Amino acid sequence: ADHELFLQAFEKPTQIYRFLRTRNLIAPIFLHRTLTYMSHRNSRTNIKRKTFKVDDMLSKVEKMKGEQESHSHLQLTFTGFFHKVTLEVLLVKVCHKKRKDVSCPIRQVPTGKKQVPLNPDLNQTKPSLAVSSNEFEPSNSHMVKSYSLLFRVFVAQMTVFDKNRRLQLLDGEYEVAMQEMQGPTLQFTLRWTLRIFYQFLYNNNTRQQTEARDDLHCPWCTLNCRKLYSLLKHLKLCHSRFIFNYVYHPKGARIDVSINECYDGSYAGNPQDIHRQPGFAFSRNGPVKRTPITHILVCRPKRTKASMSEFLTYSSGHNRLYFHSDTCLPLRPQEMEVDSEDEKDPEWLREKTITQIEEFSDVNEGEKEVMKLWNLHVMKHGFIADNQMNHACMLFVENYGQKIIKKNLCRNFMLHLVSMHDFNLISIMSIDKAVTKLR
Amino acid sequence: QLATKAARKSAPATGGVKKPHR
Amino acid sequence: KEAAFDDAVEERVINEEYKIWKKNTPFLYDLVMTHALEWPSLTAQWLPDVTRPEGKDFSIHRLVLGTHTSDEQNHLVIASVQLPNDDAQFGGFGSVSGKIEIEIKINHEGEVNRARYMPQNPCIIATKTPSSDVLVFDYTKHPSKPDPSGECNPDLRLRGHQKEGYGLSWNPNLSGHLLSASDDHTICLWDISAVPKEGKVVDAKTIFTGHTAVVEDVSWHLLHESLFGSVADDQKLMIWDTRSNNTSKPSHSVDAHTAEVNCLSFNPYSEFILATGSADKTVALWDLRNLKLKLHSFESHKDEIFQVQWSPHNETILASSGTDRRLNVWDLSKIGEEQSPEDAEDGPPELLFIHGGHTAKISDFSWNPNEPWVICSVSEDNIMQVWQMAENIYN
Amino acid sequence: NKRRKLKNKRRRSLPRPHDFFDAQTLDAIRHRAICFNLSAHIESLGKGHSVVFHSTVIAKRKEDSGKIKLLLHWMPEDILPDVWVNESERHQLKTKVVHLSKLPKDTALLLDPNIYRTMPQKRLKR
Amino acid sequence: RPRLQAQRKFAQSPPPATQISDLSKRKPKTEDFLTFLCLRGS
Amino acid sequence: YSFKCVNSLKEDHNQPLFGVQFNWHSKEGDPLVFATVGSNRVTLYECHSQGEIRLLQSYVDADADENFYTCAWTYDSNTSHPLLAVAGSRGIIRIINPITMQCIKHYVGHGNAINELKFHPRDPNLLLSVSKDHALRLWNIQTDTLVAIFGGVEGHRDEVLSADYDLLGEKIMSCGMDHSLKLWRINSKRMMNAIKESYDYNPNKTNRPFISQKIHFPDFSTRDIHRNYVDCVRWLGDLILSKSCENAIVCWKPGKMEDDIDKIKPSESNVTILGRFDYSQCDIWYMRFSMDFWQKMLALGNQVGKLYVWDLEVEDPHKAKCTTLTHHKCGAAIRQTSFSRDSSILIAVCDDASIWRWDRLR
Amino acid sequence: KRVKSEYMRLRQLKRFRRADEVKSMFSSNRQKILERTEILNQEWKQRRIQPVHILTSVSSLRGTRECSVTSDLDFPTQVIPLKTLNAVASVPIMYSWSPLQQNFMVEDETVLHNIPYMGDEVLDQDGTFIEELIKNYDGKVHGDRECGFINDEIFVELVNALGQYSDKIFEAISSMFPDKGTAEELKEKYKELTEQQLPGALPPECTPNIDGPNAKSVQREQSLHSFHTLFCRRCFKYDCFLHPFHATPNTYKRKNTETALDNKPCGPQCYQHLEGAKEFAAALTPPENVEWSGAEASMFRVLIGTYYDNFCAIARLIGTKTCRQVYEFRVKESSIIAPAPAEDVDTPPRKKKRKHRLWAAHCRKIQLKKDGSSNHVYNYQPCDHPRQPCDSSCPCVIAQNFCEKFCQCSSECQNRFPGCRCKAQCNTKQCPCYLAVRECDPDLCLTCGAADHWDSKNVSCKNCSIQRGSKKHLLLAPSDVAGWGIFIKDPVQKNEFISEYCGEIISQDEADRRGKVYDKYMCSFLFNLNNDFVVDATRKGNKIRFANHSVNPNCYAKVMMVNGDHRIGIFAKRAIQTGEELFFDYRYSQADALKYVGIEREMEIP
């Protein structure tokens, strides 16, 4: 028995949910505290009134207390650079990204530069000073995300303000390091101036046994289920690709798990897109027409109480893809219209009748041609009643009157009329009428 | 020959006519 | 390129998420309705009237809707809907024939960008068009069966603008007064209260040119007949008190958020509360008394926000919609309420609910009267949904 | 029906519904998860719900008083910013572990493009 | 015989039930499996 | 006339292979490249000097169980990229672009496995598919429309097995299990009008679907040549070559020796056999033979691994030639043989998933 | 026999000369090759094509499977990672077929002509099945017993050489060749060689067409022979695809006097208005030698058998002659003609037949004859009674069937059928046709509107849809049970016509053979029509063939009689709305029903 089967059987689903886990922890679909069987969550209550015309007042006083203090130019001198040439200093302003911007805009403006010594050493000094005014302005609080300082000779950076506009720099003598494109460094000074077990089945061919650790937490999504009832409900509803059974081992809990047989999960969008040629499928860049459908899924819940013992949606419209009768090709929504692709007169029959007629040898052309012409016309309309015949012949010469005259075969047509009258369908009152109408 | 018999789809049908009026 | 592969992976992840949500829906909603249209729509509005037949367990409501077809004819549509109107009733809930059916269709030139009905008369409806003008219609004057030829009577269209737009609002107290906002950066006011010579030509009574950028929204005041606000991409919200005779200088003007503003609305019950939503992924609010204090910020949306609406029948309920394929419902009474660590990691206390139905940008949504806790939503996938949130969440 | 029996619909062998997930996309997820785990170490350290960062000293600042603050930047270069820490606190925050729900919202998407996307990615209409 | 013969196409002719760690063992079977201990649950 | 076995390879999955196709579209001087399809894989190789063979690329399908059967090389007129197309038991046609290493088109519509694919010699956008559905289909791979369907009232009756184009690409021969051989025309005005329309069709311009052409009746047919299965046919100028399980190839022409091929009436009922070619131990079906581009040699595999080679020159078919190259390693079976555009090399595949190369020495 | 020994003897010469010819062929063929190939090469010289590059392992998959090829000779082994392919959606199985809207006659087949192929593993133990099928056909398969080949030329040469020294030779040839397999062909070839002459395209009694140059005067019967022998009255067609041609000709009685017969001046050359021909017309009850063409003479001969008394009309049709000339020619030619029978009928009785309850009495007699075992319905065939009445020896009477209008039964036969009379709709139980399941013929029921509105498409009768064929729109898609299925578009009420079930028609034993192969694959399309015929939809039919089986279906099938032909219709068992699938019970034996169809789609509700 190649166990790689078992592994490969259970390897595909797990990863999926694993990915979803990392997504769900950051991209929620619904609050788990609103779930009916997760009621222990959301410990708060709806009991509250909170009239609005006072909320501002609570804030109006609060803003008075919130204003603790505020900041009030800068000057800093660079000590000799150290290593195991003029310097460059830049001020970079980062602004908020807008609708037409793909990334946060940045504006690097230089405040100045100075000529620092080429790899000086301590005890050799016996000095360049940078002074910065209030380049930042209050109005910028609406446009600028932040500011930062950049240094080069060789690159280094630092940031002045936090998110809350809180200055992160004090005054003092700092030693820092820099990268290129321990090691190089510089110095400067600044001054402001129940046991649970799991069983895995593989159709009785093989099985695996494990024990849960940190029980009551979902082993896949790590959701904290405080009750066996809620845990079972969540496992059976969310992770639906598996099937679970409750065994109630005396140690406190035992669950046997197998792979779902069908799990009819499939694309639920426009059904036609499944058969679009690659490159056009999932275009999602233009309106598309499709047939109307209507479903219903929730009408009147019962809201029954919890019961551990229990643990041991119609459609309207077209809900499928339709194919052409002959070519077995998908049918477009517009092609579904009154065109019924079915009529009384197939062409292959029209060819077969003529080729079969041509087989006979004891017949001259003057009769074969008339027979074919009459048979095709008869099959065109499909007369079924004898009373129709009086009109039938009338219409016959009405359609082919030019052809027979061109063929010079009216004599055989008259002979056919005589034969028909012999069979009790035509009356003597109409035999001559066909010829009179011919000319 | 023709001992065997294939399974065909068959739809039975029967019907009388009437009783004369009395 | 790498974009195609990532899009392919995401198109499967979204389908898996939707499959999980549909499986888990029953224990979250008291009502779930879905219906697929042939062409998508960009409008959502519930008519005020309601009728309820005796001897049955459902009521009847009407919905207004637009159409944005690819190349074919465009239509303005109004449809009927049967909502269950019983507590014991539970065929799905009523008849077995059908719950939704179209009843009004009118030919249109171009797609429908916006459409709203006049409160003073539900029959009269406005319509924005891809052209540089506005149309007005009254469905009672046209047959339900559309004219096969195409275009028909515009029913007193308007004039004054130069580019297509989206702003549209009637004055609740004064009949005829209506405001529009378009890409021209201007706000145009007509008064159709009395136009003896319609002639399908009426020029804007007034034009305001405060904002320099493209104007995004405008809305009348809910109690005053001479107050409203203007919202543009300038990130500036401006308060315009008419009868001051100043088309350039407003009564007020401030910067709302760090990004372009998209939607604005007023609280029906309070006189001063104003709500606003912008592309900054933030929801803010203000008071007419003092405007230099951003009262509070709600931070849960992961992309642009395009619509905000105050809940009728409730004074402290509001909703937010955006391109995140999500819809949020917030609670103002639970601001800053202490909560358990698991409740905290679930989310902030003031957040009440999140819709998880649509699998694409939520084009539009709308509350309704005659029903306390139901909303209708429409997306670009030809998907329309009507739902009611579970009762146990509140009280 | 108004009130029918519990859901029940089965037969001997119904047609298989053609599952939608392909191996081509599954291998991409496998590789992405492997690289992310080797760059996050959540299953070994984070217990599947916490992300780890490793700090390193950046700048050595001395205050006018008897204090010396040191700047710290964390290796993963995640949404977190650099932080000043007193020298007395050194050797106590060499590595940090944080639950995923706390991380900054705006710059949490940097971990993976599949975390979230605007499917159109180029809007033709407004 | 020759007229009755059919026509052929082809020629004639685990003991340790350790923990949930098995999950962490199942997915990363290559490229430096972590925890250095999942090898026990082979 | 002499070849020597300079190289042999064996796969790992040890499942029989069925296809070999040299890229006959190579420009003057480019390296020789070919491909081979196995159980569910496709493999590419390039021929180096001194018998060296280099593995280039491989593709595999794992979504479902299938057995690939046949392949055909082509090119793109827009950018002149090599193109390949494959099919298998699932009845799915795939097109693969080796430049981008990605499948660009797939076609569905058949009901059972596909047996062969061939392209129009002149127009590169026409693809012919032969299936077990008693039907032959013609696709325009550019506009994605189906052109023609062959079969119906007077079509084949059991599992069409093979088909062949004429040298100028206006006539087709079809053979199947029902001992029947049929001719089909393409020159007819109706057919060419249908093709021209198929090259002009925009789905957004009309609400109608494309109207394909249905053909029910062959131009000529017969069943008297063989008393067993026929699974391979080849045009030779205006003569026809066919084989069967009767351990003999047969060459013939329709009608009498005085009957011109283009004057044959549909009701023709006589045939004129001209000659036969003899071999041994071909007691199974689904085995094929091959010819060089210049039409001067013929090669055919054998059940016990032997080879049979003849010349197409003035050598009388009664005693034209008898050439048998042999090796002692494999004797399972040989399905198909392949030549290059020139006659430099010959390639064969064994039933044990192995490849054999023979190099010509004049 | 030594027939082969002689065949080789001539073949020495025939192969010799033939050899030369084929060589002259080769040189010709090899020439054309040399041209065509060259042309192709020229085109190939006008192209530039990109080369392929070796596979490069993309970083997008750090862990993936790889394939390696072992070298039998002295070379190393290369390893390359595999590349995955995107998935595609398949569809269920199907086979070729053609559309149809009616039944189609098929002659019985006696030779297998092909041997199926199974999976090559099922027969490995059950090979006997092939031998049993062989015995079913009695060992006859095309190609078998060929013993070489014959072109019919060497056979003729041998027959000429095989002089007396006919019967044994013919038997030997038949045994050695399935193509001939009969001495009738040998004798036909013998006669052709002895005579080697043919009268022409026309039959042995040559009948050139009237509109041709080879005009020849002939009597009426030979002129109308082909028309009378080829036409089928039921479908009003020549060579009907669903009717055998074995029937009597148009030689039947008819009303002899159906004309005004009012004397008047036909014109200047009027047959009447002249004392000679004017009195001669009544008597038969100086001429001119006009150019009476043979075609015109035959025309006169045929036309005399249409009026027998009208020279004006006949001369009007025959423009060559004149009315007075027509009378003169009749006096010359018609004077030597044979007398006519001039029979007719009266049929006075109308009163007693009105009650018509005796018709129900005779229906009861027919039923009580074989009431218990009346399950055996029989195909209709027009009975012929030239002198005797429609007694117990009547083919229809013994057939237990009513006499259709095409029968030769007298116009007042008691075995005929009266027809419907209903007023609102001929659809309810009270209708007579609806009881004895039939469709109201449009020549009898003049009340229900069946006759009316034949061209228009709205009628009150609900028992005449099959003739008018107003089927409903149907869609095709994979079913939820097995393979394909049919879906309905629009809503429909209960007990309403859906469509027909068309296909080829074969004999019972013939259908039995095809059932054997259909059984092996557990799939079939055979439907029983009546006691003699079976309809197969495998090769022809319409969409309805795809309908699946169910034990509680919403449709049911009905076998009905229409214009003397059996048909099958499908009707709805309850109200049906858009998009639901259609089923009906196949009525198989329970054992076979379980063996073949064991899918219910639904578990036990209780």
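Residues numbered from 1 in each chain as written, not as in the entry; some residues may be left out. Chains lettered and ligands numbered in written order. Heavy atoms only, no water. Residues with missing side-chain atoms left out of burial classes, pairs and counts.

Per the PDB record, this model was obtained through cryo-EM at a reported resolution of 3.5 Å.

As annotated in the PDB entry, chain F carries the name EED and is attributed to Homo sapiens. Recorded under Sequence similarities, the UniProt text for chain F is reproduced unchanged: "Belongs to the WD repeat ESC family." (UniProt positions renumbered as here; feature names shortened; annotations may be inferred.)

A tally of regular secondary structure across chain F gives one helix and 28 strands. Over its C-alpha trace chain F gives a radius of gyration of 20 Å, about what one expects of a compact globule, namely 21 Å for 362 residues. If you line up chain F on its principal axes, its C-alpha atoms span 60 × 55 × 40 Å. Counted over contacts in chain F with a minimum sequence separation of 6, partners at least 24 positions apart contribute 51%. (Helix = DSSP H or I, 4+ residues; strand = E, 2+ residues; numbered from the N terminus. Rg over C-alpha atoms; globule rule 2.2 N^0.38 Å. Contact = heavy atoms within 4.5 Å.)

Below, the discussion takes up the overall build of chain E. Each helix and strand in chain E was counted, giving one helix and zero strands. In terms of overall dimensions, chain E has a C-alpha envelope of 70 × 25 × 15 Å along the principal axes.

Attention shifts here to the pattern of salt bridges. Residue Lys543 of chain G pairs with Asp342 of chain A through a salt bridge whose shortest N-O separation is 3.8 Å. Separated into two different chains, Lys543 of chain G in the loop between β13 (540–541) and β14 (548–549) and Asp342 of chain A in the loop between β14 (315–317) and α4 (347–357) make up a pair that spans both. Salt-bridge contacts for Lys125 of chain D lead to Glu111 of chain C; the nearest nitrogen and oxygen are separated by 2.6 Å. You can see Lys125 of chain D sitting in the segment after β4 (95–99) and its partner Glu111 of chain C sitting in the loop between β5 (100–108) and β6 (114–118), one on each of two chains. Overlapping salt bridges bring together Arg33, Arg41 and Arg44 of chain A together with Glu337, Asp343 and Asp346 of chain C as one network. (Salt bridge = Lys/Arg side-chain N within 4 Å of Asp/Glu carboxyl O.)

All names here are of chain F. The positions UniProt marks with the feature "repeat: WD" are residues 12–55, 63–106, 109–149, 155–196, 225–262, 280–320 and 329–362. Each end of residues 63–106 is marked by a C-alpha atom, and these two atoms are 15 Å apart; helix forms 0% of the span and strand 57%. Taken end to end, residues 280–320 is 0% helix and 27% strand, and its first and last C-alpha atoms sit 17 Å apart.

Before going further, it helps to spend a moment on the packing of helix α7 (residues 410–422) of chain A against helix α8 (residues 428–438) of chain A. The relative placement of two packed helices is expressed as an angle between their axes plus a distance between the axes. Residue and element names in this part refer to chain A. Running from amino to carboxyl end, α7 crosses α8 at an angle of 165°, the nearest separation of the two axes being 10 Å. With respect to their mutual orientation, α7 and α8 come out roughly antiparallel. In this structure, α7 crosses over α8, and the sense of that crossing is right-handed. Seen from α7, the contacting residues are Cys410, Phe413, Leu417, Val418 and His421; seen from α8, they are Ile428, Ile431, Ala434 and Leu438. (Axes fitted to C-alpha atoms, helices over the stretch in contact; angles between N-to-C directions. Parallel < 35°, antiparallel > 145°, perpendicular 65-115°, else oblique. Left-handed = near helix turned anticlockwise from the far one by under 90°.)

Okay, the interface of chain A and chain C next. Counting from both sides, the interface comprises 63 residues of chain A and, opposite them, 87 residues of chain C. Listing elements by their share of the side of chain A that touches chain C, those giving two or more residues are α1 (4–24), α2 (55–66), α3 (228–237) and β13 (293–298) of chain A. Looking at which element gives the most residues to the side of chain A that touches chain C, the answer is β13 of chain A, with six residues. Residue composition of the side of chain A that touches chain C, by class: 27 nonpolar, 16 polar and 20 charged. (Nonpolar A, V, L, I, M, F, W, Y, C, P; charged D, E, K, R; others polar.)

Residue and element names in this part refer to chain C. Strand order across the open sheet formed by four strands is β13-β14-β15-β16, with antiparallel pairing between neighbours. For this open sheet the edge positions go to β13 (215–220) and β16 (252–255), each flanked by a neighbour on one side alone. Sheet twist, expressed as the average angle between the axes of neighbouring strands with direction ignored, equals 15°. Note that β13 and strand β14 (residues 227–232) share five bridges and pair antiparallel. Following the sheet pairing, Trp220 is matched in β14 by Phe228. (Pairing = 2+ DSSP bridges.)

Moving on to the packing of helix α5 (residues 365–381) of chain A against helix α6 (residues 389–407) of chain A. Residues and elements named next belong to chain A. Following both chains from N to C, one finds α5 and α6 inclined at 130°, their axes separated by 11 Å at the closest point. Between α5 and α6, the interaxial angle falls into the category oblique. Crossing hand, α5 versus α6: right-handed. Here α5 contributes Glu369, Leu373, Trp374, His377, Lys380 and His381 to the contact with α6, which in turn contributes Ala392, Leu395, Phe396, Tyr400, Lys403 and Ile404.

The residue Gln121 of chain D is not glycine, and still its phi comes out positive at about 70°. By the secondary structure assignment, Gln121 of chain D is in the segment after β4. Of note in this structure, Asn495 of chain G is not a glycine but carries a positive phi near 55°. Within the fold, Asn495 of chain G resides in the loop between β8 (484–488) and β9 (497–500).

Residue and element names in this part refer to chain G. If you trace the three strands from one edge of the open sheet to the other, you get β9-β16-β15, paired in antiparallel fashion. Each of the sheet's edge strands pairs with one partner strand only, and the pair in question is β9 and β15 (555–562). Neighbour to neighbour, the strand axes of the sheet diverge by 35° on average, direction disregarded. Taken together, the eight bridges between β15 and strand β16 (residues 565–572) define a ladder with antiparallel strand orientation.

Right, let's get into α7 of chain A. Over its 13 residues, α7 of chain A runs 18 Å from end to end, which matches the ideal 18 Å to within 8%, given 1.5 Å per residue. A positive phi of about 75° marks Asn424 of chain A, the residue just after α7 of chain A. (Expected span 1.5 Å × (residues − 1).)

Turning next to the arrangement of the chains. Take the twelve pairs of chains in contact: the one carrying the most contacts is chains A and C. Between chain A and chain B there is no contact, and the shortest C-alpha to C-alpha separation is 24 Å. A gap remains between chain C and chain F, which never touch, and the nearest two C-alpha atoms on either side lie 10 Å apart.

The subject of this paragraph is the packing of aromatic side chains. Seen from their ring centres, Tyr201 of chain F and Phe210 of chain F are 6.0 Å apart, and the 45° between their planes marks the pair as tilted. Among the aromatic residues, those joined into a cluster by ring pairs are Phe6, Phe10, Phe200, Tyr202, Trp220, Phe242 and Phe244 of chain A. Sitting over the face of the ring of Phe272 of chain C, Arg289 of chain C holds its NZ or CZ atom 3.5 Å from the ring centroid. Sitting over the ring of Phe306 of chain C, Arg126 of chain D keeps its end group 4.3 Å from the ring centre. (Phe/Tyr/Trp six-rings, centres within 6.5 Å; stacked < 30°, edge-to-face > 60°. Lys NZ or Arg CZ within 6 Å of the ring centre and 35° of its normal.)

All names here are of chain G. Looking at the element boundaries, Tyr518 is found in helix α16 (residues 508–520). Separated by 225 residues in sequence, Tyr518 and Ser293 have C-alpha atoms that sit 63 Å apart. Once you skip the residues sitting within four places of it in the chain, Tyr518 turns out to touch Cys523, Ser524, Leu526, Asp536 and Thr538.

All names here are of chain F. Note that strand β23 (residues 289–291) and strand β24 (residues 297–300) share three bridges and pair antiparallel. Residue pairing across strands places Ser290 opposite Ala299, the latter belonging to β24. Linking β23 to β24, which pair antiparallel, is a turn of five residues; within it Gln295 sits at a positive phi near 60°. Bridging between β24 and strand β25 (residues 308–311) involves four bridges; their strand directions are antiparallel. Bridge pairing in β25 links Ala299 to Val309.

Once that is clear, we can look at the side chain of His61 of chain C. Residue and element names in this part refer to chain C. The residue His61 is located in strand β3 (residues 58–65) in this model. Of the polar contacts made by the side chain of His61, one reaches the side chain of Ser59; its length is 3.4 Å. Apart from residues lying up to four places away in sequence, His61 is in contact with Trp46, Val50, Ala79, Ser80, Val81, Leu83, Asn370 and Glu371. (Polar contact = N/O pair within 3.5 Å; in protein donor to acceptor, adjacent residues only side chain to side chain.)

The next thing to look at is α1 of chain A. Helix length check: α1 of chain A (21 residues) gives 30 Å between terminal C-alpha atoms against 30 Å at 1.5 Å per residue, within 8%. At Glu11 of chain A, α1 of chain A is deflected by roughly 30°, the largest bend along its length, and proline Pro13 of chain A occurs up to four residues later in sequence. (Bend = angle between axes of the 7 residues up to and from the residue.)

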